[PDB]
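Participant:
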Amino acid sequence: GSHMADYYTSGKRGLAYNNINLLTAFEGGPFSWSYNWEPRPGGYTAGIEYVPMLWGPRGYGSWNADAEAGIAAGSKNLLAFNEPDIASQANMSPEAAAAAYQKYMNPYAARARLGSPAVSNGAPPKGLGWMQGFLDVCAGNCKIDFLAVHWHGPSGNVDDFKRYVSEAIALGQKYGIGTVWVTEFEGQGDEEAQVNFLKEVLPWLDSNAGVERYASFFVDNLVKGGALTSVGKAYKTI
């Protein structure tokens, strides 16, 4: 046998990290997966699925070796470009990203489920306008298993957060993509506001048949002095 008996001992909640060392503060919570906006994890975290990301064109030279490595470590999923709708992020036209998705994501479709580029919640032409332009140019020749989407906004705009997620699920369903991952969400405001935001959205996300996975933004903000903040505690316990 390749394993000892102790290896045989919602599932949606994720750990979006910069410093791998801060994941430890989340020990024993309901976390199934992690990602780091990088193609490589920066170390090893037992018992959680690391999902490599192709962040953008700066990543293209090493991606085949990165993807092969994360699949070999047990990854069932890969994520494409980060906020190509945003100039300060991947900064890619829908046309450019459709060609790049076919070249760099499609080849792994037999060995992993593939996640769309992740769009901001910007107004068209950003956000879900960008995703529509990308799905137009893809024209059925992009192999996409799930849409990846982001929402940052005032903590008191929970209804807008729910509208955005619902519109993302409907867009995916129109194009033959059956689920979304909300790979970043941030309700902006002081700690009490951020905790109240999590108390309304986490159960709604957990109940939403359209949402396969999500990650609050983000681990490194939820930890201080090696300890979960009141916001990190809410993210673990709700």
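As numbered in PDB author numbering, residues 19 to 27, 34 to 262 make up the sequence shown, in order.
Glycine is no exception: its CB is placed at the ideal position from the N, C-alpha and C atoms.
(1) Give the DSSP-derived three-state secondary structure of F221 in the structure shown.
(2) Using only alpha-carbon positions, find the residue among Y59, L226 and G67 that is nearest to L78.
(3) Starting from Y199, follow its DSSP beta bridges and name the residues at the other end.
(4) What separation, rounded to the nearest whole angstrom, lies between the Cα atoms of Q126 and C166?
(5) Using CA coordinates, which residue listed in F242, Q156 and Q212 is at the minimum distance from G180?
(6) Could you please give me the residues that DSSP links to residue 263 through a beta bridge?
(7) Of all the options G38, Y25 and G19, which has the alpha carbon lying nearest to the alpha carbon of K260?
(8) With a 10 Å radius around its C-beta and 16 neighbouring C-beta atoms as the bar for buried, classify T207 as buried or exposed.
(9) How long is the line joining the alpha carbons of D244 and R237, rounded to whole angstroms?
(10) What residue ranges within the stretch 141 to 192 form continuous beta strand (DSSP E) runs of no fewer than 3 residues, ordered along the chain?
(11) Bridge partners of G211, per DSSP?
(12) Can you tell which of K248, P108, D24 and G153 has the C-alpha that lies nearest to the C-alpha of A70?
(13) State buried or exposed for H21, treating a residue as buried only when at least 16 other CB atoms are found within 10 Å of its CB.
(14) Keeping to the same chain, check which residues put their C-beta closer than 8 Å to that of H176; ignore five residues upstream and five downstream.
(15) Taking buried to mean at least 16 other C-beta atoms within 10 Å of its own C-beta, is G249 buried or exposed?
(16) DSSP three-state call for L138: helix, strand or coil?
(17) In the DSSP output, which residue or residues are listed as bridge partners for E73?
(18) Below 8 Å on the Cβ atoms is my contact criterion, and I expect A91 with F105 to pass it. Report the Cβ-Cβ distance as a whole number of Å.
(19) Using DSSP's beta-bridge definition, name the partner residues of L246.
(20) Thinking C-beta only, is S140 closer than 8 Å to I168?
(21) Check this for me: beta carbons of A258 and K223, under 8 Å apart or not?
(22) Going by DSSP, name the residue or residues bridged to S240.
Facilitator: On the basis of the data shown:
(1) helix
(2) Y59
(3) Paired residues: none, contrary to the question.
(4) 6 Å
(5) Ranked by how close their Cα comes to the Cα of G180, the residues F242, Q156 and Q212 have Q212 in first place.
(6) One cannot answer for residue 263 here, as it falls past the ends of the chain, which runs 19 to 262.
(7) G38
(8) buried
(9) 19 Å
(10) DSSP runs (the beta strand (DSSP E)) wholly in the stretch 141 to 192: 170 to 178.
(11) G177
(12) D24
(13) exposed
(14) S144, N145, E208, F209, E210, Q212 and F241
(15) exposed
(16) Residue state, collapsed to three classes: strand.
(17) Bridge partners of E73: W57.
(18) Contact flag wrong, Cβ pair sits at about 14 Å.
(19) BP columns for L246 are empty, so no partner.
(20) Yes, they are a contact pair.
(21) yes
(22) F209
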